[PDB]
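Heads up, the thing below is written out as structure tokens.
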Amino acid sequence: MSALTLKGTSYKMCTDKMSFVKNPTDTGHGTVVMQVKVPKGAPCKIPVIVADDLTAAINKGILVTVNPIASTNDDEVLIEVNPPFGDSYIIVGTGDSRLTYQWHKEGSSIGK
């Protein structure tokens, strides 16, 4: 939700081929912890989104740590995210270059 900084407000997009160096994992502390990479051509404030739609038409979840910036185009980094209760797809990137990872939090379609 745009009630906090990094959600649809403004960023210099990454559009070169991103990846997870570590998939998101539910900490039980209210957070989902991942590692991500950018490879070349990309000065960017790395677009971290959370959706129900695989494309970030919805803009559900919050950045728990700082939203980082690729100042070397190969930059890779620790990020934590926070969905609300229930379903999500964590999304890393913009362009065809973006990836996603499915996560459900307790209380909608499953109990954990």
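For the structure tokens, the naming scheme is as follows: chains receive sequential letters (A, B, ...) according to their order of presentation, residues are indexed from 1 within each chain, and ligands are indexed from 1 in presentation order.
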
Considering only C-alpha atoms, tabulate each residue of segment 7-60 of chain A that lies at most 6 Å from segment 66-80 of chain A along with its nearest interatomic pair and the corresponding distance in Å to one decimal; arrange the rows by chain and ascending residue number and present them as CSV.
```
residue,atom,partner,partner_atom,distance
A:32,CA,A:80,CA,5.5
A:33,CA,A:80,CA,4.4
A:34,CA,A:79,CA,5.4
A:35,CA,A:78,CA,4.5
A:36,CA,A:77,CA,5.5
A:37,CA,A:76,CA,4.0
A:38,CA,A:74,CA,5.2
A:39,CA,A:74,CA,4.0
A:40,CA,A:73,CA,4.6
A:41,CA,A:73,CA,5.8
A:42,CA,A:73,CA,5.0
A:43,CA,A:70,CA,5.4
A:44,CA,A:70,CA,5.2
A:45,CA,A:69,CA,4.2
A:46,CA,A:69,CA,5.8
```

Considering only C-alpha atoms, return as an MDAnalysis selection string whatever protein or nucleic-acid residues lie within 7 Å of residue 104 of chain A, sequence-local ones (same chain, fewer than 5 positions apart) excluded. chainID A and resid 86:88

Store the residues of this selection in a file with N, CA, C and O atoms, as a PDB file, in the first residue's frame.
```pdb
ATOM      1  N   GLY A  86      -3.081 -13.502   4.545  1.00  0.00           N
ATOM      2  CA  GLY A  86      -3.562 -14.100   3.307  1.00  0.00           C
ATOM      3  C   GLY A  86      -2.534 -14.170   2.170  1.00  0.00           C
ATOM      4  O   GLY A  86      -1.321 -14.145   2.375  1.00  0.00           O
ATOM      5  N   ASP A  87      -3.046 -14.363   0.954  1.00  0.00           N
ATOM      6  CA  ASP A  87      -2.307 -14.723  -0.259  1.00  0.00           C
ATOM      7  C   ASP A  87      -1.380 -13.608  -0.777  1.00  0.00           C
ATOM      8  O   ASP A  87      -1.569 -12.423  -0.476  1.00  0.00           O
ATOM      9  N   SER A  88      -0.370 -13.972  -1.579  1.00  0.00           N
ATOM     10  CA  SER A  88       0.508 -13.051  -2.308  1.00  0.00           C
ATOM     11  C   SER A  88       1.393 -13.767  -3.340  1.00  0.00           C
ATOM     12  O   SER A  88       1.711 -14.954  -3.242  1.00  0.00           O
TER      13      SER A  88
END
```

With distances taken over only C-alpha atoms, the candidate from A:1, A:21, A:13, A:81 nearest residue 57 of chain A is A:1

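Neighbours of residue 3 of chain A closer than or equal to 12 Å, with only C-alpha atoms counted and sequence neighbours fewer than 2 positions away skipped, come out as residues 1, 5, 6, 7, 8, 9, 59, 60, 61, 62 and 63 of chain A.
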
Review point. Quick one: distance from atom CA of residue 92 of chain A to atom CA of residue 22 of chain A in Å, one decimal?
Key: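 About the pair atom CA of residue 92 of chain A and atom CA of residue 22 of chain A: they are 12.0 Å apart.
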
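For the residues A:112, A:106, A:95, A:90, ranking by smallest atom-to-atom distance to residue 24 of chain A using only C-alpha atoms places A:90 first.
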
### Closest of A:18, A:50, A:108, A:97 to residue 83 of chain A - atom-to-atom distances counting only C-alpha atoms
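The answer is A:50, which sits nearest to residue 83 of chain A.
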
(request) For residue 98 of chain A, please output as a list in words all residues within 10 Å (counting only C-alpha atoms; exclusion window: fewer than 2 positions along the same chain). (result)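 In the requested form, the answer reads residues 14, 15, 16, 17, 18, 19, 47, 48, 55, 91, 92, 93, 94, 95, 96 and 100 of chain A.
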
With C-alpha atoms kept, could you save the residues just selected as a short mmCIF file (atom, residue, chain, number, x, y, z; two decimals), in the first residue's frame?
```cif
data_model
loop_
_atom_site.label_atom_id
_atom_site.label_comp_id
_atom_site.auth_asym_id
_atom_site.auth_seq_id
_atom_site.Cartn_x
_atom_site.Cartn_y
_atom_site.Cartn_z
CA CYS A 14 15.43 -1.95 -13.18
CA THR A 15 14.65 -3.66 -16.55
CA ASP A 16 17.73 -5.91 -17.05
CA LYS A 17 17.26 -9.61 -16.05
CA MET A 18 16.87 -9.84 -12.24
CA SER A 19 17.02 -12.94 -9.99
CA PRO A 47 11.46 -2.30 -7.85
CA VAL A 48 10.09 -4.61 -5.11
CA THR A 55 2.20 -8.50 -12.59
CA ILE A 91 7.56 -9.68 -7.45
CA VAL A 92 11.16 -8.57 -8.16
CA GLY A 93 11.60 -6.26 -11.16
CA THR A 94 10.03 -4.56 -14.20
CA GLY A 95 10.04 -5.59 -17.90
CA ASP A 96 10.20 -9.27 -19.06
CA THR A 100 7.97 -13.71 -8.90
#
```
